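Chains as they are written, first to last, in PDB author numbering: chain F, 211 to 262; chain A, 57 to 157, 194 to 223. Here's the structure, in structure tokens; my notes come after.
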Amino acid sequence: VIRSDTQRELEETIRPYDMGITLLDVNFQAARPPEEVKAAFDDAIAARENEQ
Amino acid sequence: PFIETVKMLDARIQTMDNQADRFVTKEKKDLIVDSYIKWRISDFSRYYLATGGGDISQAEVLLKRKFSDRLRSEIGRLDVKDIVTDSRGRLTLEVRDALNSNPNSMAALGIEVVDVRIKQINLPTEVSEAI
């Protein structure tokens with residue numbers, strides 16, 4: 211749904227500049243949220259295997 | 057004899073390969089997945105005019121981007137067991153059909205895709221140690 215919304219938003223934004231451009235696709239790659247410093251969702255996964 | 061030249065384009069079933077890249081499932085678990093795609097040239101005129109010279113690198117980049125997008129969109133749905141149980145079974149076929157099918197088609201560029209496979213699934217270090 212974010213892929214759906216961002217495309218229409220950008221197309222509506224680029225209208226007045228009148229650049230004459232057509233957008234083929236709007237692709238969305240990985241969205242890692244750990245900020246590379248809070249890589250401690252590892253323990254939140256390692257909770258199961260220790261309780262059992 | 058001297059006004060023109062012509063370009064020879066391969067037609068064999070070409071093979072694209074890559075390296076590992078991470079993912080995520082809804083259980084917050086994360087995997088490692090590697091794959092490869094079989095691609096064939098559908099219509100030669102559109103291909104040559106579009107890709108700009110017909111050397112493999114740009115076609116590789118296009119397919120790489122589009123494949124990463126569609127796969128990562130798909131695996132994000134199903135659960136951790138559902139990867140390992142049947143990762144071929146409906147993942148590969150569904151993503152093939154969706155990727156192969194106007195603009196945004198990946199065929200509009202002039203490329204035909206044969207089939208898609210998954211090669212290996214590992215786990216991160218800490219979870220491996222725990223199990």
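Using N, Cα and C, we set each Cβ at its ideal position, and we do this for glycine too.
Under the three-state DSSP convention, the category residue i falls into
i, result
"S98(A)", "coil"
"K85(A)", "coil"
"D111(A)", "coil"
"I223(A)", "coil"
"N237(F)", "coil"
"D228(F)", "coil"
"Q262(F)", "coil"
"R213(F)", "helix"
"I131(A)", "helix"
"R78(A)", "strand"
"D66(A)", "coil"
Residue interval of the alpha helix (DSSP H) (run including residue i)
i, result
"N194(A)", "No alpha helix (DSSP H) contains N194(A), which DSSP labels as neither H nor E."
"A254(F)", "251-255"
Boundaries (first-last residue) of the beta strand (DSSP E) holding residue i
i, result
"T71(A)", "70-73"
"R144(A)", "Premise fails: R144(A) is in no beta strand (DSSP E) and is neither H nor E."
"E204(A)", "203-214"
Among the options, nearest to residue i - alpha-carbon criterion
i, options, result
"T217(A)", "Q262(F), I255(F), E261(F)", "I255(F)"
"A200(A)", "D77(A), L105(A), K137(A)", "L105(A)"
"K211(A)", "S91(A), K82(A), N74(A)", "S91(A)"
"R96(A)", "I88(A), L119(A), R78(A)", "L119(A)"
"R242(F)", "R152(A), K122(A), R78(A)", "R78(A)"
"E83(A)", "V236(F), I231(F), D252(F), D228(F)", "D252(F)"
"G110(A)", "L215(A), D66(A), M72(A)", "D66(A)"
"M229(F)", "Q262(F), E221(F), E261(F)", "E221(F)"
"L215(A)", "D153(A), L87(A), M72(A)", "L87(A)"
"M72(A)", "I59(A), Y103(A), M198(A), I112(A)", "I112(A)"
"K94(A)", "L134(A), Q70(A), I139(A), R144(A)", "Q70(A)"
C-beta atoms of residue i and residue j nearer than 8 Å
i, j, result
"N156(A)", "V205(A)", "yes"
"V136(A)", "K85(A)", "yes"
"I223(A)", "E219(F)", "no"
"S124(A)", "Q239(F)", "yes"
"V80(A)", "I213(A)", "no"
"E130(A)", "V117(A)", "no"
"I203(A)", "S101(A)", "no"
"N237(F)", "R121(A)", "yes"
"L234(F)", "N194(A)", "no"
"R133(A)", "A154(A)", "no"
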